[PDB]
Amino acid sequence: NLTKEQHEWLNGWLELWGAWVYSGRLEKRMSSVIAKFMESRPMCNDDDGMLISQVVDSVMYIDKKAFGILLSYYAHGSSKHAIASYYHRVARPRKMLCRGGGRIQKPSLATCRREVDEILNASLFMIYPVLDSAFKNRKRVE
């Protein structure tokens, strides 16, 4: 988990970046995931939008599911509850280790809400050091 101040800082940047992405300003070549997402609010400037997009793509490409959830929340502006409702609606049957033995069952809505929150938190944790270093790298060289 990030500290409260680190979260406020990164969440702020991701809100600005998300609005910039949603306005269509990211070139398709810079991220196929973002481009595919966009085929289906104050904003940062273009230099910052590109820098953040390169950071996010370079971190989140490993987990397309989490990447999509990040884009739903920050770019489209969907609430965590709205993302979890759809996540729950399309969820696959899972092997659940219950008391007395395992069973096959689709996850509850409460479980899907917790998982969406955890996925967003884990994504911000991964993004934070890379974005912090990206801004510091730009400052150093320029």
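The first residue of the sequence shown is number 1, and the count goes up from there.
Could you bin the unmodelled part of the deposited chain lying between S40 and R41 as none, 1 to 3, 4 to 9, or 10 or more? In the record, 4 to 9 residues between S40 and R41 lack coordinates.
Which has higher Cα B-factors on average according to the PDB entry: 20-28 or 7-15? Higher mean C-alpha B-factor in the PDB entry: 20-28.
Which has higher Cα B-factors on average according to the PDB entry: 90-98 or 54-62? If you average the C-alpha B-factors of 54-62 and of 90-98, the larger mean comes out for 90-98.
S79: which third of its chain by C-alpha temperature factor? Lowest third of the chain for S79's C-alpha B-factor.
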